[PDB]
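**Q** You'll find query-v4.csv just under this line, and it carries CSV, C-alpha atoms and all ligand atoms.
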chain,number,residue,atom,x,y,z
J,11,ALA,CA,25.5,6.1,4.9
J,12,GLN,CA,24.0,3.1,3.1
J,13,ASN,CA,21.9,3.5,-0.1
J,14,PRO,CA,22.5,7.3,-0.3
J,15,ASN,CA,20.6,7.6,-3.6
J,16,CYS,CA,17.5,6.0,-2.0
J,17,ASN,CA,17.2,3.2,-4.6
J,18,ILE,CA,14.6,0.5,-4.2
J,19,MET,CA,16.5,-2.6,-3.0
J,20,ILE,CA,15.5,-6.2,-3.7
J,21,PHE,CA,16.3,-9.0,-1.2
J,22,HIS,CA,16.6,-12.8,-1.6
J,23,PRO,CA,16.6,-14.2,1.9
J,24,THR,CA,17.5,-17.9,2.4
J,25,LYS,CA,15.1,-20.2,4.2
J,26,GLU,CA,17.1,-19.7,7.4
J,27,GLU,CA,17.0,-15.9,7.1
J,28,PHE,CA,13.2,-16.2,6.5
J,29,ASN,CA,12.6,-17.4,10.0
J,30,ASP,CA,12.8,-14.3,12.1
J,31,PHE,CA,10.7,-11.5,10.5
J,32,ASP,CA,11.8,-8.7,12.8
J,33,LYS,CA,15.5,-9.6,12.4
J,34,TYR,CA,15.3,-9.5,8.6
J,35,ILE,CA,13.5,-6.1,8.6
J,36,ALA,CA,16.3,-4.8,10.8
J,37,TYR,CA,18.9,-6.3,8.4
J,38,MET,CA,17.3,-4.6,5.4
J,39,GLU,CA,17.5,-1.3,7.2
J,40,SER,CA,21.2,-1.9,8.0
J,41,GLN,CA,21.7,-2.0,4.3
J,42,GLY,CA,19.8,1.3,3.7
J,43,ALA,CA,16.6,-0.2,2.3
J,44,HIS,CA,14.3,2.2,4.1
J,45,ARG,CA,15.8,5.2,2.5
J,46,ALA,CA,13.8,4.3,-0.7
J,47,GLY,CA,10.5,4.1,1.2
J,48,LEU,CA,9.8,0.7,-0.4
J,49,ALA,CA,11.7,-2.7,-0.8
J,50,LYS,CA,11.0,-6.0,-2.5
J,51,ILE,CA,11.5,-9.4,-0.8
J,52,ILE,CA,11.6,-12.5,-3.0
J,53,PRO,CA,10.8,-15.5,-0.7
J,54,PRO,CA,13.2,-18.6,-0.8
J,55,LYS,CA,12.3,-21.2,-3.3
J,56,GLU,CA,11.3,-23.7,-0.5
J,57,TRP,CA,8.5,-21.3,0.8
J,58,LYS,CA,4.8,-21.1,-0.1
J,59,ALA,CA,1.9,-19.1,1.2
J,60,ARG,CA,-0.6,-21.9,0.8
J,61,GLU,CA,-1.0,-25.0,-1.3
J,62,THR,CA,-3.4,-23.7,-4.0
J,63,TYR,CA,-5.6,-20.8,-5.0
J,64,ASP,CA,-8.3,-23.2,-6.5
J,65,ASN,CA,-10.8,-22.7,-3.8
J,66,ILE,CA,-11.2,-18.8,-3.3
J,67,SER,CA,-14.1,-18.1,-5.6
J,68,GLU,CA,-16.7,-18.0,-2.9
J,69,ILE,CA,-15.0,-15.2,-0.8
J,70,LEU,CA,-17.5,-12.2,-0.8
J,71,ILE,CA,-16.6,-8.7,-1.8
J,72,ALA,CA,-19.5,-7.0,0.1
J,73,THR,CA,-18.8,-3.5,-1.2
J,74,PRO,CA,-16.9,-3.4,-4.5
J,75,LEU,CA,-15.8,0.2,-5.3
J,76,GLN,CA,-15.9,1.8,-8.8
J,77,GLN,CA,-13.0,4.3,-9.0
J,78,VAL,CA,-14.2,7.4,-10.9
J,79,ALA,CA,-11.6,9.9,-11.9
J,80,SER,CA,-11.7,13.7,-12.4
J,81,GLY,CA,-9.0,16.0,-13.7
J,82,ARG,CA,-6.4,15.6,-16.4
J,83,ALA,CA,-4.5,12.4,-17.4
J,84,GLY,CA,-1.4,13.1,-15.2
J,85,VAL,CA,-3.1,15.0,-12.3
J,86,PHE,CA,-6.5,13.6,-11.1
J,87,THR,CA,-8.6,12.6,-8.2
J,88,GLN,CA,-10.7,9.5,-7.8
J,89,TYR,CA,-13.9,8.9,-5.8
J,90,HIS,CA,-15.2,5.6,-4.9
J,91,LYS,CA,-18.7,4.7,-5.9
J,92,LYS,CA,-20.2,1.7,-4.0
J,93,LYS,CA,-21.5,-1.2,-6.1
J,94,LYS,CA,-23.6,-4.3,-5.2
J,95,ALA,CA,-21.9,-7.3,-3.6
J,96,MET,CA,-20.3,-10.0,-5.6
J,97,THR,CA,-18.1,-13.1,-5.1
J,98,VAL,CA,-14.5,-13.3,-6.1
J,99,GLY,CA,-15.5,-15.7,-8.9
J,100,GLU,CA,-18.0,-13.1,-10.2
J,101,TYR,CA,-15.4,-10.3,-9.8
J,102,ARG,CA,-12.7,-12.4,-11.7
J,103,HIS,CA,-15.2,-12.9,-14.6
J,104,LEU,CA,-15.9,-9.1,-14.6
J,105,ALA,CA,-12.2,-8.3,-14.6
J,106,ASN,CA,-11.7,-10.6,-17.7
J,107,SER,CA,-14.6,-9.1,-19.6
J,108,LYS,CA,-14.0,-7.1,-22.8
J,109,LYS,CA,-15.0,-3.9,-20.9
J,110,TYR,CA,-12.4,-4.3,-18.1
J,111,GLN,CA,-9.6,-6.6,-19.4
J,112,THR,CA,-6.0,-5.7,-19.8
J,113,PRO,CA,-5.3,-4.6,-23.4
J,114,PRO,CA,-2.6,-6.1,-25.5
J,115,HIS,CA,0.8,-4.8,-24.6
J,116,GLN,CA,4.5,-5.4,-25.3
J,117,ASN,CA,6.0,-5.2,-21.8
J,118,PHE,CA,5.5,-3.6,-18.5
J,119,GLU,CA,6.7,-0.2,-19.7
J,120,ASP,CA,4.3,-0.2,-22.6
J,121,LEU,CA,1.4,-1.0,-20.2
J,122,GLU,CA,2.6,1.8,-17.9
J,123,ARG,CA,2.4,4.2,-20.8
J,124,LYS,CA,-1.1,3.1,-21.6
J,125,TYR,CA,-2.2,3.4,-17.9
J,126,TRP,CA,-1.1,7.0,-17.6
J,127,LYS,CA,-2.5,7.9,-21.0
J,128,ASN,CA,-5.9,6.3,-20.6
J,129,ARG,CA,-6.7,5.7,-16.9
J,130,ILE,CA,-9.0,8.7,-16.4
J,131,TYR,CA,-11.3,7.6,-19.3
J,132,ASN,CA,-12.4,4.4,-17.5
J,133,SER,CA,-13.8,3.5,-14.1
J,134,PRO,CA,-12.4,0.1,-12.9
J,135,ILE,CA,-13.9,-1.7,-10.0
J,136,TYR,CA,-11.7,-2.6,-6.9
J,137,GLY,CA,-12.4,-5.1,-4.0
J,138,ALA,CA,-10.5,-3.3,-1.2
J,139,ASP,CA,-9.9,-3.5,2.4
J,140,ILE,CA,-11.6,-7.0,3.0
J,141,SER,CA,-10.7,-8.3,6.5
J,142,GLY,CA,-9.2,-11.7,6.1
J,143,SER,CA,-6.2,-13.8,5.1
J,144,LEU,CA,-5.1,-16.4,2.4
J,145,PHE,CA,-2.1,-17.6,4.3
J,146,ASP,CA,-2.3,-21.2,5.4
J,147,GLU,CA,-2.3,-21.6,9.2
J,148,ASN,CA,0.6,-23.9,8.8
J,149,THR,CA,2.8,-21.4,7.0
J,150,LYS,CA,5.2,-20.3,9.7
J,151,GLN,CA,7.4,-17.8,7.9
J,152,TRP,CA,6.2,-14.3,6.8
J,153,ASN,CA,2.6,-15.2,7.5
J,154,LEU,CA,0.8,-11.8,7.5
J,155,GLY,CA,-1.9,-13.0,10.0
J,156,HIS,CA,0.8,-14.1,12.6
J,157,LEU,CA,2.9,-11.0,12.9
J,158,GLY,CA,3.6,-9.2,16.2
J,159,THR,CA,0.9,-6.6,16.8
J,160,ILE,CA,1.5,-2.8,16.8
J,161,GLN,CA,-0.2,-2.7,20.2
J,162,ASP,CA,2.4,-5.1,21.6
J,163,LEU,CA,5.2,-3.1,20.0
J,164,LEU,CA,4.0,0.2,21.6
J,165,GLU,CA,3.7,-1.7,24.9
J,166,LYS,CA,7.1,-3.1,24.7
J,167,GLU,CA,8.8,0.2,23.7
J,168,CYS,CA,6.9,2.6,25.8
J,169,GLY,CA,5.4,0.5,28.7
J,170,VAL,CA,1.7,1.4,28.2
J,171,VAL,CA,-0.9,-1.3,27.5
J,172,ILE,CA,-3.6,-0.3,25.0
J,173,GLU,CA,-6.8,-1.6,23.4
J,174,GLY,CA,-6.9,-2.5,19.7
J,175,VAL,CA,-6.2,-5.2,17.3
J,176,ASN,CA,-4.1,-5.5,14.0
J,177,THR,CA,-5.5,-7.9,11.3
J,178,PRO,CA,-4.7,-8.3,7.6
J,179,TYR,CA,-6.8,-7.2,4.6
J,180,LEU,CA,-7.4,-8.6,1.1
J,181,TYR,CA,-7.5,-6.7,-2.1
J,182,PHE,CA,-8.9,-8.0,-5.4
J,183,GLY,CA,-7.8,-5.8,-8.4
J,184,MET,CA,-8.3,-5.5,-12.1
J,185,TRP,CA,-6.7,-3.5,-14.9
J,186,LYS,CA,-6.4,0.2,-14.0
J,187,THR,CA,-7.4,-0.2,-10.3
J,188,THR,CA,-5.5,2.5,-8.6
J,189,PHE,CA,-4.0,3.3,-5.2
J,190,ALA,CA,-3.6,7.0,-4.6
J,191,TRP,CA,-0.6,8.8,-3.1
J,192,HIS,CA,-0.4,8.2,0.6
J,193,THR,CA,1.6,7.2,3.7
J,194,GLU,CA,0.3,4.6,6.1
J,195,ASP,CA,-1.9,5.5,9.1
J,196,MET,CA,0.3,7.0,11.8
J,197,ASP,CA,3.2,6.7,9.2
J,198,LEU,CA,3.4,2.9,10.0
J,199,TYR,CA,5.2,0.3,7.9
J,200,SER,CA,3.1,-1.9,5.6
J,201,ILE,CA,3.8,-5.3,4.0
J,202,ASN,CA,2.0,-6.5,0.9
J,203,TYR,CA,2.0,-10.0,-0.5
J,204,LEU,CA,0.8,-10.5,-4.1
J,205,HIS,CA,-0.9,-13.9,-3.8
J,206,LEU,CA,-2.0,-14.5,-7.4
J,207,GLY,CA,-2.6,-13.0,-10.8
J,208,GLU,CA,-1.3,-10.0,-12.7
J,209,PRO,CA,1.3,-7.5,-11.5
J,210,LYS,CA,1.1,-4.3,-9.4
J,211,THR,CA,3.3,-1.3,-10.3
J,212,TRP,CA,4.4,0.9,-7.5
J,213,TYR,CA,5.8,4.5,-7.3
J,214,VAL,CA,7.5,5.7,-4.1
J,215,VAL,CA,9.1,8.9,-2.7
J,216,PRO,CA,12.0,8.6,-0.2
J,217,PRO,CA,10.9,9.4,3.3
J,218,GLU,CA,13.6,12.1,3.6
J,219,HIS,CA,11.8,13.9,0.6
J,220,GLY,CA,8.2,13.4,1.5
J,221,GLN,CA,7.6,17.1,2.2
J,222,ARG,CA,8.5,17.8,-1.5
J,223,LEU,CA,5.7,15.6,-2.6
J,224,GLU,CA,3.3,17.3,-0.1
J,225,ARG,CA,4.2,20.8,-1.4
J,226,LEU,CA,3.6,19.8,-5.0
J,227,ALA,CA,0.3,18.2,-4.0
J,228,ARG,CA,-0.8,21.4,-2.3
J,229,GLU,CA,0.0,23.3,-5.6
J,230,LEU,CA,-1.8,20.8,-7.8
J,231,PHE,CA,-4.9,20.3,-5.7
J,232,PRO,CA,-5.4,23.7,-4.3
J,233,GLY,CA,-9.1,23.4,-3.2
J,234,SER,CA,-8.4,20.2,-1.4
J,235,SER,CA,-5.4,21.7,0.3
J,236,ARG,CA,-7.6,24.6,1.7
J,237,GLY,CA,-10.0,22.1,3.0
J,238,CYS,CA,-7.5,20.0,4.9
J,239,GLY,CA,-3.9,20.5,6.0
J,240,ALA,CA,-3.3,16.7,5.5
J,241,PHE,CA,-5.6,15.9,2.5
J,242,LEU,CA,-3.3,13.1,1.2
J,243,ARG,CA,-4.7,11.2,4.2
J,244,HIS,CA,-8.0,11.1,2.1
J,245,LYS,CA,-6.3,8.8,-0.4
J,246,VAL,CA,-7.8,10.3,-3.5
J,247,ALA,CA,-5.0,12.1,-5.4
J,248,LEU,CA,-2.9,10.9,-8.3
J,249,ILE,CA,0.1,12.5,-9.9
J,250,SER,CA,2.0,10.8,-12.8
J,251,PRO,CA,5.7,10.0,-13.0
J,252,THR,CA,5.9,12.5,-15.9
J,253,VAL,CA,4.5,15.3,-13.7
J,254,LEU,CA,6.7,14.3,-10.8
J,255,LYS,CA,9.8,14.5,-13.1
J,256,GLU,CA,8.7,17.9,-14.5
J,257,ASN,CA,8.5,19.2,-10.9
J,258,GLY,CA,11.8,17.7,-9.8
J,259,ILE,CA,10.3,15.3,-7.2
J,260,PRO,CA,12.6,12.4,-6.3
J,261,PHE,CA,10.9,9.1,-6.7
J,262,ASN,CA,11.4,5.5,-7.9
J,263,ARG,CA,9.2,2.8,-9.5
J,264,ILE,CA,9.1,-1.0,-9.5
J,265,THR,CA,6.7,-3.8,-10.6
J,266,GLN,CA,5.7,-6.5,-8.1
J,267,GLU,CA,4.8,-9.9,-9.4
J,268,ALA,CA,2.8,-12.8,-7.9
J,269,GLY,CA,4.7,-14.5,-5.1
J,270,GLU,CA,6.6,-11.4,-4.1
J,271,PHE,CA,6.4,-9.2,-0.9
J,272,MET,CA,6.8,-5.4,-0.8
J,273,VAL,CA,7.5,-3.5,2.4
J,274,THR,CA,6.7,0.2,2.7
J,275,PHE,CA,8.7,2.1,5.4
J,276,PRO,CA,7.5,4.9,7.7
J,277,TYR,CA,6.7,8.1,5.9
J,278,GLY,CA,7.3,6.5,2.4
J,279,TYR,CA,4.6,8.0,0.1
J,280,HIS,CA,3.5,5.5,-2.4
J,281,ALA,CA,0.9,5.0,-5.3
J,282,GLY,CA,0.3,2.5,-8.0
J,283,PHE,CA,-1.9,0.4,-10.2
J,284,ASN,CA,-2.8,-3.2,-11.0
J,285,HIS,CA,-2.1,-4.7,-14.4
J,286,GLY,CA,-5.1,-7.1,-14.5
J,287,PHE,CA,-7.0,-9.5,-12.2
J,288,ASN,CA,-5.1,-10.1,-9.0
J,289,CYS,CA,-5.3,-10.7,-5.3
J,290,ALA,CA,-3.0,-9.1,-2.6
J,291,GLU,CA,-2.9,-9.2,1.2
J,292,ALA,CA,-1.5,-6.4,3.3
J,293,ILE,CA,-1.1,-5.3,6.9
J,294,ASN,CA,0.5,-2.5,8.9
J,295,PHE,CA,3.3,-3.2,11.4
J,296,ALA,CA,5.7,-1.4,13.6
J,297,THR,CA,9.3,-1.7,14.8
J,298,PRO,CA,11.2,0.4,17.4
J,299,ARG,CA,12.3,2.8,14.7
J,300,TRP,CA,8.7,3.6,13.9
J,301,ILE,CA,7.9,5.2,17.2
J,302,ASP,CA,9.5,8.6,16.3
J,303,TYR,CA,7.6,8.7,13.0
J,304,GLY,CA,4.3,7.9,14.8
J,305,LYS,CA,4.9,10.8,17.2
J,306,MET,CA,5.4,13.2,14.2
J,307,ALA,CA,2.7,11.9,11.8
J,308,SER,CA,0.3,14.4,10.3
J,309,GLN,CA,-3.2,14.0,10.9
J,310,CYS,CA,-6.5,14.7,9.0
J,311,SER,CA,-9.1,16.2,11.4
J,312,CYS,CA,-11.6,17.5,8.7
J,313,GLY,CA,-13.7,14.4,8.8
J,314,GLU,CA,-12.8,12.8,5.5
J,315,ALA,CA,-10.1,10.3,6.4
J,316,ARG,CA,-12.1,8.1,8.9
J,317,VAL,CA,-10.1,5.1,10.2
J,318,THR,CA,-10.0,2.1,12.3
J,319,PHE,CA,-10.7,1.7,15.9
J,320,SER,CA,-7.1,1.0,16.8
J,321,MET,CA,-5.8,4.4,15.6
J,322,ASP,CA,-7.4,6.0,18.6
J,323,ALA,CA,-4.9,4.7,21.1
J,324,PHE,CA,-2.0,5.6,18.8
J,325,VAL,CA,-3.0,9.3,18.6
J,326,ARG,CA,-3.9,9.3,22.3
J,327,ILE,CA,-0.6,8.1,23.6
J,328,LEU,CA,1.8,9.4,20.9
J,329,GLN,CA,0.1,12.7,20.1
J,330,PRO,CA,-1.9,13.8,23.1
J,331,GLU,CA,-1.9,17.5,22.1
J,332,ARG,CA,-3.6,16.6,18.7
J,333,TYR,CA,-6.0,14.0,20.2
J,334,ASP,CA,-9.0,16.2,21.0
J,335,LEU,CA,-9.0,17.8,17.5
J,336,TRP,CA,-8.5,14.5,15.7
J,337,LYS,CA,-11.2,12.7,17.7
J,338,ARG,CA,-13.7,15.4,16.7
J,339,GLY,CA,-12.9,14.6,13.1
J,340,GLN,CA,-13.6,11.0,13.8
J,341,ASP,CA,-17.1,12.0,15.3
K,401,LIG,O1,-2.3,-2.9,-3.1
K,401,LIG,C1,-3.0,-1.8,-2.8
K,401,LIG,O2,-4.1,-1.4,-3.4
K,401,LIG,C2,-2.5,-0.8,-1.9
K,401,LIG,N1,-1.6,-1.3,-0.9
K,401,LIG,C3,-0.8,-0.5,-0.1
K,401,LIG,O3,-1.0,0.8,-0.1
K,401,LIG,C4,0.1,-1.2,0.9
K,401,LIG,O4,0.3,-2.4,0.9
K,401,LIG,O5,0.6,-0.3,1.7
K,402,MG,MG,-14.1,-19.6,-1.6
K,403,NI,NI,-0.2,1.7,1.6
K,404,ZN,ZN,-9.0,15.8,5.9
Go through the file and emit its structure as structure tokens.
**A**
Amino acid sequence: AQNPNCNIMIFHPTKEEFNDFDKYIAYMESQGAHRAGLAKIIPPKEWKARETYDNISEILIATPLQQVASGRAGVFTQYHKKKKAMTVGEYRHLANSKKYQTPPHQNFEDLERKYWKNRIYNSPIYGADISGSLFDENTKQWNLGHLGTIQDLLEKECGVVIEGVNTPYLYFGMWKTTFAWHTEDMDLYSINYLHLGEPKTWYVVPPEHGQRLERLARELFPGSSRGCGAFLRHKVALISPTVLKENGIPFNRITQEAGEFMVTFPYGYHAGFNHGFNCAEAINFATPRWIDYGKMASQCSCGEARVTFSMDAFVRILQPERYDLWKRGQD
């Protein structure tokens, strides 16, 4: 069995290997990459996403979100307070202000220590889930707006044609902006490209061990767990690496830098934080191997998770027994 310790693997494809996206994902899996839940892909030196980032300041962040924490430094939830619209140039200025800017630090490990010590005492503002793309239309390789759609994959594997679309999303971050512990909708894959700016640190639990994280989360967030049998779908709970280690939860960590891709694999729980002002692009995708995970994915039906239009068909076809309860939670 390849990668039996479930380490995060880093890949350096050649320009020739960068042509066929599906083939390369399958290659990474042949080497055991999925066992970690997360892999890094460093593009060949010949590749670029676009020519420059000099002309992005006029993108609008219609609903910036202030991430307010509650709890203790290593075990907390966050809620998202809506703020007034601002442009990417305005948001960049805010991220660099004395109130929000990255503090002085020695290295990524020192900054990680500072994050976990101090995160809860601040409320950073995140531009999330902005439909759009920064890939140039002429970028032919690993262009996240030109991937094969999940609806086409389901039709190819299973024979059923379904409604829905699959487009990318932009994220504008600042110091301490946080992504809570989660798997993807319907336990899909994700791919994330860090277009510019400061790093993103990731934590991940191997898919084979995801239920260990879920059991800890139920213990640590006992009211939330009574409220919903899949409350991590709410995407609000944080648990630090120190707390994970104290509770024996298997996990790994890695820092993504500008110009690098990360892939999350089906049922790979992940969480993390941004080091400073940055911009990332991400999208969900599927392969044949996903279908069995989609059939078994948990679902939130309490009303909190609320998701895209295109998840309806996935539940309807892959999980017909759950569909009526889930759809009630959507309405
Ligand atoms: O970068 C972020 O805030 C969160 N991204 C992801 O969870 C992802 O790409 O799957
Ligand atoms: Mg612009
Ligand atoms: Ni994710
Ligand atoms: Zn719920």
**Q** Find the residues near residue 69 in chain J: any atom within 7 Å, counting all atoms listed in the file, skip ones fewer than 3 places away on the same chain, and give them as a VMD selection string.
**A** chain J and resid 66 97 to 98
**Q** CA of residue 22 in chain J and CA of residue 303 in chain J are how many Å apart?
**A**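 These two atoms are separated by 27.5 Å.
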**Q** Which residue gives the smallest distance to residue 153 in chain J among J:140, J:306, J:198, J:292, with only C-alpha atoms counted?
**A**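 Ranking J:140, J:306, J:198, J:292 by distance to residue 153 in chain J, first place goes to J:292.
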**Q** Give the answer as one residue: which of J:152, J:145, J:191, J:179 has the shortest atom-to-atom distance to residue 278 in chain J, using only C-alpha atoms?
**A**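 Comparing J:152, J:145, J:191, J:179 against residue 278 in chain J, the winner is J:191.
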**Q** Kindly work out which residues sit at most 9 Å from ligand LIG 401 (chain K), using all atoms listed in the file, and give the list as a PyMOL selection string.
**A** chain J and resi 136+138-139+180-183+187-194+199-204+210+212+272-274+280-284+289-294
**Q** Using only C-alpha atoms and all ligand atoms, which residue out of J:324, J:300, J:279, J:241 lies closest to ligand ZN 404 (chain K)?
**A**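 Using only C-alpha atoms and all ligand atoms, the shortest distance to ligand ZN 404 (chain K) belongs to J:241.
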**Q** At a cut-off of 12 Å around ligand ZN 404 (chain K), and using only C-alpha atoms and all ligand atoms, what residues come up? Please write them as an NGL selection string.
**A** :J and (233-246 or 308-317 or 335-336 or 338-340)
**Q** Could you please take those selected residues and save C-alpha atoms as a PDB file, keeping the file's coordinate frame?
**A**
ATOM      1  CA  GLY J 233      -9.100  23.400  -3.200  1.00  0.00           C
ATOM      2  CA  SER J 234      -8.400  20.200  -1.400  1.00  0.00           C
ATOM      3  CA  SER J 235      -5.400  21.700   0.300  1.00  0.00           C
ATOM      4  CA  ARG J 236      -7.600  24.600   1.700  1.00  0.00           C
ATOM      5  CA  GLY J 237     -10.000  22.100   3.000  1.00  0.00           C
ATOM      6  CA  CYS J 238      -7.500  20.000   4.900  1.00  0.00           C
ATOM      7  CA  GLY J 239      -3.900  20.500   6.000  1.00  0.00           C
ATOM      8  CA  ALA J 240      -3.300  16.700   5.500  1.00  0.00           C
ATOM      9  CA  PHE J 241      -5.600  15.900   2.500  1.00  0.00           C
ATOM     10  CA  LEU J 242      -3.300  13.100   1.200  1.00  0.00           C
ATOM     11  CA  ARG J 243      -4.700  11.200   4.200  1.00  0.00           C
ATOM     12  CA  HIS J 244      -8.000  11.100   2.100  1.00  0.00           C
ATOM     13  CA  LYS J 245      -6.300   8.800  -0.400  1.00  0.00           C
ATOM     14  CA  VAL J 246      -7.800  10.300  -3.500  1.00  0.00           C
ATOM     15  CA  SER J 308       0.300  14.400  10.300  1.00  0.00           C
ATOM     16  CA  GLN J 309      -3.200  14.000  10.900  1.00  0.00           C
ATOM     17  CA  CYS J 310      -6.500  14.700   9.000  1.00  0.00           C
ATOM     18  CA  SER J 311      -9.100  16.200  11.400  1.00  0.00           C
ATOM     19  CA  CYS J 312     -11.600  17.500   8.700  1.00  0.00           C
ATOM     20  CA  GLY J 313     -13.700  14.400   8.800  1.00  0.00           C
ATOM     21  CA  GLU J 314     -12.800  12.800   5.500  1.00  0.00           C
ATOM     22  CA  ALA J 315     -10.100  10.300   6.400  1.00  0.00           C
ATOM     23  CA  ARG J 316     -12.100   8.100   8.900  1.00  0.00           C
ATOM     24  CA  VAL J 317     -10.100   5.100  10.200  1.00  0.00           C
ATOM     25  CA  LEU J 335      -9.000  17.800  17.500  1.00  0.00           C
ATOM     26  CA  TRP J 336      -8.500  14.500  15.700  1.00  0.00           C
ATOM     27  CA  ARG J 338     -13.700  15.400  16.700  1.00  0.00           C
ATOM     28  CA  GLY J 339     -12.900  14.600  13.100  1.00  0.00           C
ATOM     29  CA  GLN J 340     -13.600  11.000  13.800  1.00  0.00           C
TER      30      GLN J 340
END
**Q** Would you mind listing the residues within 12 Å of ligand MG 402 (chain K), counting all atoms listed in the file, as a list in words?
**A**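 Within the 12 Å cut-off, the matching residues are residues 62, 63, 64, 65, 66, 67, 68, 69, 70, 71, 97, 98, 99, 100, 143 and 144 of chain J.
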**Q** Fewer than 6 positions away in the same chain doesn't count, so skip those; otherwise give me all residues within 8 Å of residue 130 in chain J, counting all atoms listed in the file, as a ChimeraX atom specification.
**A** /J:78-83,86
**Q** How many Å separate CA of residue 122 in chain J from CA of residue 211 in chain J?
**A**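 Distance reported for this atom pair: 8.2 Å.
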**Q** Measure the distance from CA of residue 155 in chain J to CA of residue 208 in chain J in Å and round it to one decimal.
**A**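 Interatomic distance, CA of residue 155 in chain J to CA of residue 208 in chain J: 22.9 Å.
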**Q** When distances are computed from only C-alpha atoms, which of J:11, J:85, J:135, J:105 shows the smallest separation from residue 230 in chain J?
**A**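 Checking each of J:11, J:85, J:135, J:105 against residue 230 in chain J, counting only C-alpha atoms, the winner is J:85.
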**Q** Can you pull out the residues contacting residue 197 in chain J? Cut-off 7 Å, using all atoms listed in the file, and skip same-chain residues under 5 positions away; I want them as a list in words.
**A**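 The residues that qualify are residues 276, 277, 303, 304 and 307 of chain J.
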**Q** Restricting the calculation to all atoms listed in the file, which member of J:178, J:209, J:251, J:14 is positioned closest to residue 142 in chain J?
**A** J:178
**Q** Quick one: of J:177, J:119, J:297, J:84, who's nearest to residue 256 in chain J, counting all atoms listed in the file?
**A**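 Counting all atoms listed in the file, the residue closest to residue 256 in chain J is J:84.
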**Q** Could you list, as an NGL selection string, every residue within 10 Å of residue 53 in chain J, counting all atoms listed in the file and ignoring same-chain residues fewer than 4 positions away?
**A** :J and (21-25 or 27-28 or 57-59 or 151-152 or 269-271)
**Q** Got a sec: who's within 12 Å of residue 326 in chain J, counting all atoms listed in the file, leaving out chain neighbours fewer than 5 positions off, as a list in words?
**A**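 Selected residues are residues 170, 172, 173, 196, 304, 305, 320, 321, 331, 332, 333, 334, 335, 336 and 337 of chain J.
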**Q** With C-alpha atoms retained, could you export that selection as a CSV table (one decimal), in the coordinates of the input?
**A**
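Everything below was put into out_4.csv:
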chain,number,residue,atom,x,y,z
J,170,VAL,CA,1.7,1.4,28.2
J,172,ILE,CA,-3.6,-0.3,25.0
J,173,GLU,CA,-6.8,-1.6,23.4
J,196,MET,CA,0.3,7.0,11.8
J,304,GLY,CA,4.3,7.9,14.8
J,305,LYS,CA,4.9,10.8,17.2
J,320,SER,CA,-7.1,1.0,16.8
J,321,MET,CA,-5.8,4.4,15.6
J,331,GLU,CA,-1.9,17.5,22.1
J,332,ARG,CA,-3.6,16.6,18.7
J,333,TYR,CA,-6.0,14.0,20.2
J,334,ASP,CA,-9.0,16.2,21.0
J,335,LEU,CA,-9.0,17.8,17.5
J,336,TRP,CA,-8.5,14.5,15.7
J,337,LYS,CA,-11.2,12.7,17.7
